[PDB]
There are 2 protein chains.
Amino acid sequence: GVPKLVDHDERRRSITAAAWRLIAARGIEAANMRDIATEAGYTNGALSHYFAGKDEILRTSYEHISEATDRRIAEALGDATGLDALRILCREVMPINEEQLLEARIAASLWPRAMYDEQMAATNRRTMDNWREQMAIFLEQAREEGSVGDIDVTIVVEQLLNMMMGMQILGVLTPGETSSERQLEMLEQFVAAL
Amino acid sequence: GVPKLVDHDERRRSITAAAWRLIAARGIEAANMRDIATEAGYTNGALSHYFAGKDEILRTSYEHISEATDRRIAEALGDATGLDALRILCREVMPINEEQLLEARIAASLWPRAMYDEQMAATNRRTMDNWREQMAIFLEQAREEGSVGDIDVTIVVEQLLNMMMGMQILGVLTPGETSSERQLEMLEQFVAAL
């Protein structure tokens, strides 16, 4: 049958699927294992079987939202190229709706943790680089199509990526000034300037 | 009376000044009040008279770095207006040197806690709003001086602020792609496109 390692991974993924919104909504500090156990439909003992503590569940929550974002991008892209593809990707990454604001809350919480840890950092650098790579393809396409000028693709990718990572913070913390509509306008005006 | 209150506030400021680098360097999770006490030259008993816990010291650490940044801006501005003034502010906010990378780590730790704490949220909003206000003045000045096109000041402020907040995360987490040089290049190319 399935190796125990794979089985335990599956269970962690299932528990995370059920718990990540609670962590996003309450924050990792207010979140506690007993409430997560309740919400995932597990006993306390069973939950401890799969997770060392809430820190590990924060890590897997970040894996969850990273994978979910990636899947939305892959499903939305179709045959898009250039700026059409870039807008599609950006709309999945930016916190432009309530589900994506919950994702932003998980990311914002994981980041300072990743600053002091390798395992916690690993899934992050890969996620960021995967997006950089796609963004660079799309921006080079735009450059060759003439939908943007003779841009410095590496620097433009970094500008946009940094802007969208800032949105995870400010879209949550200053939602008047960094509303969904404002985020979309910031993207449009940015690409217009290229 | 008043002298006692002033003494109390001065001591909190001194402890904060003595603690913030420790908090940036090890992170708020690994930091504890015993270690903060030792770096400030206090006993734990004595420290409990000024601070209730490490989260309050994180908040005052953020205020400390915000005040420090504002001082750097004020001093460096001189007679600068418009795009020149904007560049000066941005160089103090972005994590383009080692000390500013420490400041970035304070911000990154406070943000997710502010997402679940009214006082920390308020502290962050004050800093973000101060910078939005300054940046808007400079960009209006640029428009009035005829050094930019017909820019949407509100949106451009938001673009640049979000970009700079993302840098606080990526400057630490992806220091190759978000190096000091690349941050400066991001700023220059952004301003050039206005």
Side-chain angles (χ1 to χ4, degrees), chain A residues 24-31 55 58 94 104-117 121 124-125 128-129 132 149 151-152 154-174 176-179 182-183 185-190 192-194, chain B residues 24-30 55 94 101 104-117 120-121 124-125 128-129 132 149 151-152 154-174 176-179 182-183 185-190 192-194:
Chain A
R26 298 188 175 167
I28 192 62
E29 294 301 299
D55 174 276
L58 181 62
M94 294 182 306
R105 286 174 171 267
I106 297 297
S109 181
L110 184 279
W111 289 336
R113 292 179 181 176
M115 294 180 173
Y116 310 96
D117 188 359
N124 184 252
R125 258 208 77 211
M128 298 293 103
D129 281 338
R132 282 192 181 95
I151 57 168
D152 181 339
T154 303
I155 292 307
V156 173
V157 165
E158 210 52 32
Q159 291 178 328
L160 198 33
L161 186 60
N162 282 268
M163 193 180 316
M164 299 191 292
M165 292 311 94
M167 288 180 196
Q168 312 298 315
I169 303 304
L170 295 183
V172 176
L173 286 176
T174 63
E177 287 78 8
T178 324
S179 70
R182 284 264 207 103
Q183 292 173 43
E185 191 63 29
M186 302 158 67
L187 179 61
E188 289 305 302
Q189 290 189 17
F190 180 81
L194 302 174
Chain B
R26 76 182 62 174
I28 192 56
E29 311 301 329
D55 261 29
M94 295 183 312
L101 284 168
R105 294 179 184 256
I106 296 300
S109 285
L110 178 137
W111 287 331
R113 294 181 177 255
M115 294 178 176
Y116 311 95
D117 182 84
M120 301 172 90
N124 178 248
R125 282 196 306 280
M128 297 301 100
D129 285 339
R132 284 192 179 98
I151 60 164
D152 181 337
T154 295
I155 293 295
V156 175
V157 165
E158 209 56 28
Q159 283 176 333
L160 194 49
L161 183 63
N162 280 262
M163 194 180 314
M164 292 189 300
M165 298 304 98
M167 288 183 201
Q168 312 298 318
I169 304 304
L170 295 183
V172 178
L173 290 176
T174 62
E177 289 85 2
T178 321
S179 66
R182 294 215 172 163
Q183 292 173 44
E185 299 175 346
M186 271 186 271
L187 174 65
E188 180 202 36
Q189 292 188 24
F190 184 87
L194 293 176

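Naming convention: chains lettered A, B, ... in sequence-line order (proteins, then strands); numbering from 1 in each chain. Keep in mind that the numbers below use all heavy atoms, side chains included, and drop hydrogens, waters and symmetry copies.
Only the backbone of B:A24 comes within less than 4.5 Å of a heavy atom in chain A; its side chain stays farther off. Interface remark: A:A25 contributes backbone atoms only to the contact with chain B (heavy atom separation under 4.5 Å). Contacts between A:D129 and chain B at a heavy-atom distance below 4.5 Å involve the side chain alone, from C-beta outward. Contacts of A:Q168 with chain B are made by backbone atoms alone, with heavy-atom separations under 4.5 Å and no side-chain atom involved. A:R113 touches chain B through its side chain: at least one heavy atom from C-beta onward sits under 4.5 Å away, while N, CA, C and O do not. At a 4.5 Å heavy-atom cutoff, the contact between A:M128 and chain B is made by side-chain atoms alone. Looking at B:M115, both its backbone and its side chain come within 4.5 Å of chain A, counting heavy atoms on both sides. For B:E29, the part lying near chain A is the side chain, with the backbone staying farther off; criterion is any non-hydrogen pair under 4.5 Å.
Side-chain contact check for A:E188 versus B:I155: every heavy-atom pair is 4.5 Å or farther apart.
Within 6.0 Å of CZ in A:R132 there are more than 12 heavy atoms belonging to other residues, nucleotides or ligands.
Salt bridge A:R125/B:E177: present, at least one basic N to carboxylate O contact under 4.0 Å.
Taking A:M164, A:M167, A:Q183 one by one and counting their heavy-atom pairs under 4.5 Å with chain B, the maximum is reached by A:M167. Ranked by heavy-atom pairs under 4.5 Å with chain B, the list A:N162, A:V157, A:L110, A:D152 is led by A:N162. Most heavy-atom pairs under 4.5 Å with chain A: of the set B:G171, B:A108, B:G166, this distinction falls to B:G166.
Test A:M163, A:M165, A:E158 against B:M163 for side chain to side chain contact (heavy atoms under 4.5 Å, CB included) and you get one pass: A:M163.
For the atom pair A:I169 CD1 and B:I169 CD1, the distance stands at 5.0 Å (nearest 0.5 Å).
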